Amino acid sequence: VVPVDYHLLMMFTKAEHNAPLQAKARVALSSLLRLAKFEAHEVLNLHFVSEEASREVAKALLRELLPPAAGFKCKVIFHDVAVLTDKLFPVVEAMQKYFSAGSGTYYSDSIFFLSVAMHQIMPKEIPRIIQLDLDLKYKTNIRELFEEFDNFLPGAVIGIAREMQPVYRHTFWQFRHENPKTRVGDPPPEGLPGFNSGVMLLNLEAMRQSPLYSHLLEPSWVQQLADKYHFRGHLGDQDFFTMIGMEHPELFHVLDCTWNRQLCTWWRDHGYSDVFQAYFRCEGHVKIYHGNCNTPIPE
């Protein structure tokens, strides 16, 4: 049989003596594994980006959860955060000053841009990968997320869900001020509210093969757009994709909100009471809950 691989990637760093993080990881990975089903020739590859202490923590957690109930083949892979940081830095350096807390350009922030250059980091034998936060709870078979790759229109390189708070309405304030009629930062269904990075379908082939996407990674393109949008953030990859998503929405297959149902309401209580609801509304059968900003996930 022709073995078929599926690839997931999760950041899992600074996890020793971080019980809140370990408990989140535990909820995410047990729900993922309990509900996953794959055909006999298929293998689920779980990539973790970790320094050595967190690798040990993850191995202890994983042994308790593997092999999975459903009995399919599963392979665990660790990537050294230090090695990845050095590979990312040349590509990612020029964007750091716009999207990291706060300035300027520190190695410690480089790893938060991993997804933007994932196609240069993962070996060519990996054509596609799904990057996932560890503060998720899976309500369906993760295998189903992979069929969304099929719905990418020509030119789209990444699948990503909208941001469900008005954080980008706030971030794009000046651009919105100077452009009253803009959709930039407005709520759906017709506004561009920006993106959330908790669930991302990184089509590595399409990223590698896009002239547009490659250009946007260039220092001078990053700088021109950040200037145009007066953009400053501290959320890393999420901010960069949000920004280039304003200029080039063709690059992104927008996932339905049910694939990344964000629970965080921090922005509601910081100046956005009125409009908050229009950003936060998500209806349909939930597939993944995302307990962002440390928000308890319900049961």
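Only the largest set of C-alpha atoms that superpose within 1.5 Å between the two forms is called the rigid core. Don't overthink the numbering: it's just position in the shown sequence, from 1.
Comparing 93 to 101 with 207 to 215 in 8 other deposited structures of this protein, after superposition on the rigid core, the stretch with the greater RMS C-alpha deviation is 93 to 101. Across the superposed structures in 8 other deposited structures of this protein, aligned by the core, the stretch whose Cα atoms lie more distant on average is 106 to 114, chosen from 106 to 114 and 122 to 130.
Compared with other PDB entries of the same protein, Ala70 is missing from at least a third of those that resolve the residues around it. Of the two stretches examined, 96 to 104 and 153 to 161, the record assigns the greater average C-alpha temperature factor to 96 to 104.
Taking only CA atoms, the mean B-factor in the PDB entry is higher for 63 to 71 than for the other of 63 to 71 and 250 to 258. Within the group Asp80, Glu147, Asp109, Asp133, the record's highest C-alpha temperature factor is found at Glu147. Note on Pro90, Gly198, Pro166, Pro189: the highest value goes to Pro189, judged by CA B factor as recorded. Placement of the Cα temperature factor of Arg183 within the chain: highest third of the modelled residues, per the deposited record.
Placement of the Cα temperature factor of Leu44 within the chain: middle third of the modelled residues, per the deposited record. Annotation for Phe12: CA B-factor lies in the lowest third of the chain's modelled residues. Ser273: CA B factor in the highest third of modelled residues in this chain (values from the PDB entry). Residue-level temperature factors show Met243 in the lowest third of its chain, judged at the C-alpha atom.
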